[PDB]
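*Asks:* Before I ask anything, here is the structure I am working with.
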Amino acid sequence: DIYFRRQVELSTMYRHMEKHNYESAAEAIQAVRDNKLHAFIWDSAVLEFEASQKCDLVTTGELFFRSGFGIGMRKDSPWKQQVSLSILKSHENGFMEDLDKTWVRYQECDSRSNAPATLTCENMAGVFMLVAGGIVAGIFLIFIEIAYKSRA
Amino acid sequence: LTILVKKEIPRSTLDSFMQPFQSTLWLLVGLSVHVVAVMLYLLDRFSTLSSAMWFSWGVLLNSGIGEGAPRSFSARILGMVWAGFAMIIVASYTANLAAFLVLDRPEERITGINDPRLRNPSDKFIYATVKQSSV
Amino acid sequence: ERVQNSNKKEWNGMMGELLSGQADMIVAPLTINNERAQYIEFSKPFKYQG
Amino acid sequence: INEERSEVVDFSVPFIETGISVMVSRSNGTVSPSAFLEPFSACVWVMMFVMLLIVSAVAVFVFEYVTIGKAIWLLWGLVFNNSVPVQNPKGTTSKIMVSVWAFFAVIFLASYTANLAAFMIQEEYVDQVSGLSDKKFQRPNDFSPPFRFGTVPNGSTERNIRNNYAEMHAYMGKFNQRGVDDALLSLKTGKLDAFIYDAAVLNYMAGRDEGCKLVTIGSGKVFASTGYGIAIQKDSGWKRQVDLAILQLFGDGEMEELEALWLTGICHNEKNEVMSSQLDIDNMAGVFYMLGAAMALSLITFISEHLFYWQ
Amino acid sequence: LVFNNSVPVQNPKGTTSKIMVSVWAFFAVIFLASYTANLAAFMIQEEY
């Protein structure tokens, strides 16, 4: 709501946003699956996780407003030089890479690259049913045929 | 205004006259024909002998040449999967022949003035218009 | 937002609890903006997203 | 940005997302290492036998009003498209079910040729090296001529790679490069297998080659995600002003207006196509593994053809 | 055999006649697998 209202050129778009906003993240995520809301705008670090677990939804590509979540501190607290170091250290010796491997990208279903080249040869009923009806009807036709053979 | 460029060659797959993969359209399958004929021969001998390759080649090329089936069942269970292998390789050859002729070619060319081949200049592209003109 | 139909702008929600002394650190998915960084110091930011 | 520089110099807000990535070679296209034997075996290949064996009753019933070995020998020859010299069963009443089976046969292979022709023109090439934790990027022991990693030995990636994997750069010390374009020239001539550098320069140079062959491992997976920045005098007063102004550009969308010079290009994996001459069709050894295993079993049953010697 | 059919057909006499049909079969398998390919190429690129 800050990013859209700051821009003036997107203002009409913002005027369409005032009548449908929600109060929590999970509310709109559940409301998308109930077809009350065709699209949703949020961060990539929540939507890329949500499209890998609740396996009916999808993202659509590009990004707009590139930034990163930071630790919020009060102004001029004496920790502003300490906590800014170790975070960088945690990006160096592989701690954060272990962290999102443990928590973020740990599960999938299938990446929706839209590859119809796969099976789902699960059922075979309508193609096997022709021989399943042939095996049943054949003995009756054989009985009619040998009844013809006995008469003439 | 619009941009004029030069079309490429791209070829068809005519030069693959039954050689799309003749590197790996191996004669190893022919050696497999011969050794599976030898295997059926040995299975029929020690449980129709010299004609086994005329069986086996007749399995591959869909040509019904007039021979007899092997008498032992131990050769028959091999012949089942031999015919199954023949169907697999002819179907794979059909699909990979379709793969050469369904797929188009790379080098997507330049699109308008918003292309970085043309917007950001280089030496590898040369641009020109008629002098003293409206361009 | 401008609250109490006057010339006062207070900060709603989470960031107001940082400004009012209810806490001293915010460890949450809190983005980096131009409006929050007027008087709230941030760090090198965990991640990169959009 | 790293820790070894942040002690002396103060830094601005991160400016462009980057990290340590790896550029892999521009390898030839590969199909799957097996034929598409994925799950037809779950339902179809097992329904085939149990719907196949049931005709023995009618094959007996037509002789009552030729079954021990000849029936399945007929019924395999037409389902797998073969003119095996096979005697048909007796009588015109037996002629019906084979004429059903033929209708089962023509539907089958025309199905199986279709899906396979569907399968081998939509499957994507897979990224044969992934991550720095692979055995290929470890000690290259068991590999005909082993992996050769390139890097520029003065900068940030060396100081990051010397504190996590010592033997990696100890092996990489024989493979220095003298420039970014020379790394590409060494990668095109087979002199280098993979290159390690910054993420942003590699993602630019992926998009401006004259061809658009294979580029980067994964899509954008970076190891140590950091940013660029603006260095400054230590604790000067001009930090907190500049720290605002860069963020103002993010507030206005002017970085995407600054995109027209910056990192766009041609063929940034914008097709995900692969066309391959199948010289790599020698991955068919699995069905050759389905061949020679029967060449085992044909001997094995031969041993159980010594059982009338005891009977 | 060029149009993929098991018509009941007597083979010619002698083993010396058996070679050229075995060439023709190799002409047959190349042919239809070609003709199925181009047609499968043709009916997924043609425009309305």
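Along the chain as shown, residues are numbered 1 onward.
Header says: electron microscopy, 3.9 Å.
A Cβ is built for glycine as well, from the same backbone N, Cα and C atoms used for every other residue.
Pulled from Swiss-Prot, these are the listed features:
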type: TRANSMEM; residues: B:23-43; note: transmembrane segment
type: REGION; residues: B:49-70; note: region 'Pore-forming'
type: INTRAMEM; residues: B:49-70; note: intramembrane segment
type: TOPO_DOM; residues: B:71-76; note: topological domain 'Cytoplasmic'
type: TRANSMEM; residues: B:77-93; note: transmembrane segment
type: CARBOHYD; residues: B:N120; note: N-linked glycosylation site
*Asks:* Would you list the DSSP helix, strand and coil counts for the residues of the topological domain 'Cytoplasmic' (B:71-76)?
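*Replies:* Per-class counts: 4 helix, 0 strand, 2 coil.
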*Asks:* Checking distant contacts: for the topological domain 'Cytoplasmic' (B:71-76), what same-chain residues at least six beyond its ends satisfy Cβ-Cβ under 8 A?
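*Replies:* Contacts of the topological domain 'Cytoplasmic' (B:71-76) (Cβ under 8 Å, skipping residues fewer than 6 from its ends): 39-40, 43-44, 47-48.
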*Asks:* Suppose we draw a 10 Å sphere around the Cβ of B:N120 (N-linked glycosylation site). How many other Cβ atoms does it contain, all chains included?
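*Replies:* Its Cβ has 14 other Cβ atoms within 10 Å.
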*Asks:* So, by DSSP, how many helix, strand and coil residues make up the region 'Pore-forming' (B:49-70)?
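*Replies:* Looking at the region 'Pore-forming' (B:49-70) with DSSP, the answer is 9 helix, 0 strand, 13 coil.
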